[PDB]
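In my numbering, the protein residues as written are 2 to 480. Cβ atoms here follow ideal geometry from the backbone N, Cα and C, with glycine treated the same way. A short write-up of the structure that comes next.
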Ligand SMILES: *Cc1cc2c(cc1C)nc1c(=O)[nH]c(=O)nc-1n2C[C@H](O)[C@H](O)[C@H](O)COP(=O)(O)OP(=O)(O)OC[C@H]1O[C@@H](n2cnc3c(N)ncnc32)[C@H](O)[C@@H]1O
Ligand SMILES: *[C@@H]1O[C@H](CO)[C@@H](O[C@@H]2O[C@H](CO)[C@@H](O)[C@H](O)[C@H]2NC(C)=O)[C@H](O)[C@H]1NC(C)=O
Ligand SMILES: C/C(=C\CNc1ncnc2[nH]cnc12)CO
Ligand SMILES: *[C@@H]1O[C@H](CO)[C@@H](O)[C@H](O)[C@H]1NC(C)=O
Ligand SMILES: *[C@@H]1O[C@H](CO)[C@@H](O)[C@H](O)[C@H]1NC(C)=O
Ligand SMILES: *[C@@H]1O[C@H](CO)[C@@H](O)[C@H](O)[C@H]1NC(C)=O
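Dropping the structure here:
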């Protein structure tokens, strides 16, 4: 029904391509790869899976395979090459609404294309990821976080409705008003309940430009307090985007230059500052203001802060250029063969009450005396902008920090041990963190991740929507 039409491929090249991911650490060969030309092909697969006794195959939905640890694999199963849904010229897979208040996007579509289509209509999504070559379905199955999330919530907080094909092979439109149980489960649901074939994304009138600043600190307490100041509810302050980064002394000059923000002259000034203060760690707030008026607005905001005088660094760019900033980093690194390497990334949400402790143990502790390659990102988020009824798991405090330690790799074994050590420190310190973008490998770890109540709901939704436990087996929750 599909294979004869050429859609279900079992050839070595197809299986190999769906057997690795961005993490470049784990691999798992599928039995087959589906290249669907339309959503009907997905309905056909999932309906067959549902109706066939002794159905053999788990099913994963490969967005662009940006997973770190095999989350998009179907070991001895079927990987869906989602990108195939966007092959045809017509009909379009991205539709900005007639009134420009939302954009409908295929689950397979990448956010960079969503941006381009939105900007053509003078609008843009309000909540992003740092890196735009990720699918709508993929980020929504996790959360989708960046510097706008403090004020707009993650991408899962900016979805009006979705089309989902469940594990029963039923096409279902869901929202807060209709099939809300599926809507809530799928968002941050780690691909466990069905495939998002369409998501309705909130947009706002597109800003033309961004005033883009980096502020330098040697004092973590001042750094974090200022981040919390900028992201505090008043309604929010003027900043459109707030992130931060950590720079360890040993690789200070290198890591500062690797941001792509600081000139060599800028780097020298910061190194000299760190030197005079004998600082083992340097911190930088990264913030934007979307828009002489900008000058005074910026000056007013900066006047509330306590960064080191002389260490505010400014850029002014087109909005789209800011949003796609990391693409240029990829192009450059890929030329030097430094993009397609093992990525033992550590991502977590750390409660505000323990962020200073984390800094002491990790940034001032474990990571000291190493050559770090890749950004160490740290910034506060507001729990109020997250829907706890959705599958995504966050710490219990009103404010928690996104902590993204994006190590690029004999280096691999060292970094894997280092990440275990960081987690060990957190566990022993009693820090109630939640992992993000990580898969756990036993029941107890997953139950702890979700917490008792949310786990029980997660299981209830699994029984309802994927009773055979076929979907996204690489998450290792029910597989
Ligand atoms: C590669 C990477 C990832 C990344 C990032 C930068 C880079 C270079 N920056 C991020 C950021 O700033 N903020 C954020 O929240 N995430 C960021 N990421 C991580 C990224 O979100 C994840 O990798 C995510 O998985 C999206 O990647 P992708 O779209 O390629 O999805 P996948 O890896 O193939 O699949 C992940 C899981 O989701 C399920 N899935 C995929 N599509 C669907 C649909 N349409 N419906 C239901 N489930 C889906 C897969 O089965 C898999 O389990
Ligand atoms: C974008 O809008 C178009 C309507 O112009 C949608 O295209 C239709 O899609 C359905 C089912 O997918 C087909 O039966 C119709 O033949 C299509 N109509 C036209 C005019 O081509 C398209 O599905 C929309 N895309 C998304 C992701 O919502
Ligand atoms: C994975 C996540 C963020 C990644 N952010 C990045 N931000 C800036 N540059 C990069 N290069 C690779 N990843 C990045 C989630 O917080
Ligand atoms: C990682 O990438 C390299 C290419 O640099 C490849 O040879 C290797 O098989 C990959 N490993 C995994 C597990 O993806
Ligand atoms: C799923 O399978 C059941 C039989 O177990 C059947 O009654 C139902 O119609 C099926 N749904 C679809 C859409 O295949
Ligand atoms: C920073 O690292 C360099 C070696 O790269 C070292 O010479 C210097 O003492 C370090 N500074 C501090 C204050 O730790």
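Does any heavy atom of ligand 5 sit closer than 6 Å to the C-beta of residue i?
i, result
"residue 168", "no"
"residue 51", "yes"
"residue 171", "yes"
"residue 236", "no"
"residue 246", "no"
Starting from the C-beta of residue i, find all residues in its chain whose C-beta is less than 6 Å away, skip the five residues before and the five after it, and write them out in chain order.
i, result
"residue 126", "202, 204"
"residue 147", "129, 130, 131"
"residue 122", "97, 101"
"residue 355", "432"
"residue 289", "211, 213, 241, 242"
"residue 176", "162, 184"
Which one of the options has the shortest CA to CA distance from residue i?
i, options, result
"residue 92", "185, 103, 107, 366", "107"
"residue 103", "111, 118, 152", "118"
"residue 69", "80, 45, 21, 55", "21"
"residue 362", "419, 334, 338", "419"
"residue 39", "199, 417, 216, 390", "199"
"residue 297", "284, 229, 215, 239", "239"
"residue 482", "190, 152, 34", "This structure leaves residue 482 out entirely; the chain is present only between 2 and 480."
"residue 221", "185, 353, 384, 447", "353"
"residue 44", "111, 459, 196, 304", "196"
"residue 414", "475, 344, 379, 302", "344"
"residue 285", "176, 88, 312, 114", "312"
"residue 112", "248, 294, 324", "324"
"residue 346", "271, 406, 272", "406"
"residue 124", "90, 371, 206, 272", "206"
"residue 402", "391, 438, 349", "349"
"residue 41", "86, 351, 331, 358", "86"
Identify, in the order they occur along the chain, each residue of the same chain with its Cβ nearer than 7 Å to the Cβ of residue i, setting aside the five sequence neighbours on each side.
i, result
"residue 1", "This structure does not reach residue 1, given that the chain is present from 2 up to 480, and the question cannot be answered."
"residue 281", "250, 365, 369"
"residue 307", "223, 227"
"residue 449", "none"
"residue 9", "3, 33, 35"
Rounded to whole angstroms, what is the Cα-Cα separation between residue i and residue j?
i, j, result
"residue 162", "residue 373", "41 Å"
"residue 116", "residue 154", "18 Å"
"residue 464", "residue 47", "16 Å"
"residue 409", "residue 394", "26 Å"
"residue 31", "residue 75", "5 Å"
"residue 137", "residue 261", "27 Å"
"residue 300", "residue 381", "22 Å"
"residue 165", "residue 183", "8 Å"
"residue 479", "residue 277", "54 Å"
"residue 13", "residue 78", "14 Å"
"residue 142", "residue 316", "33 Å"
"residue 435", "residue 456", "14 Å"
"residue 145", "residue 139", "9 Å"
"residue 376", "residue 453", "34 Å"
"residue 181", "residue 451", "19 Å"
"residue 327", "residue 133", "8 Å"
"residue 467", "residue 461", "10 Å"
"residue 192", "residue 229", "32 Å"
"residue 383", "residue 231", "12 Å"
"residue 194", "residue 187", "6 Å"
"residue 386", "residue 55", "43 Å"
"residue 218", "residue 257", "13 Å"
"residue 253", "residue 367", "16 Å"
"residue 246", "residue 287", "8 Å"
Using a Cβ-based criterion (distance less than 6 Å to any ligand heavy atom), does residue i qualify as near ligand 3?
i, result
"residue 407", "yes"
"residue 239", "no"
"residue 249", "no"
"residue 376", "yes"
Could you tell me whether any non-hydrogen atom of ligand 6 is closer than 6 Å to the CB of residue i?
i, result
"residue 281", "yes"
Using a threshold of 6 Å, is the CB atom of residue i nearer than that to any non-hydrogen atom of ligand 2?
i, result
"residue 92", "yes"
"residue 114", "no"
"residue 1", "Since the displayed the chain opens at 2 and closes at 480, residue 1 lies outside it and no answer follows."
"residue 107", "yes"
Residues in the same chain with beta-carbon distance under 8 Å from residue i, minus the five sequence neighbours each way, listed in chain order, please.
i, result
"residue 209", "292, 319, 320"
"residue 314", "214, 215, 216, 217, 262, 263, 267"
Shorter than 6 Å, the distance from the beta carbon of residue i to the closest heavy atom of ligand 4, or not?
i, result
"residue 13", "no"
Return yes when the C-beta of residue i is under 6 Å from any heavy atom of ligand 1, and no when it is not.
i, result
"residue 348", "no"
"residue 194", "no"
Touch test, the region 426–441 against the region 165–172, Cβ-Cβ under 8 Å, three pairs minimum: The region 426–441 and the region 165–172 do not touch, with fewer than 3 CB-CB distances between them shorter than 8 Å.
Segment contact, 8 Å Cβ cut-off, at least three pairs: the region 58–78 with the region 453–473: Output reads yes: the region 453–473 touches the region 58–78.
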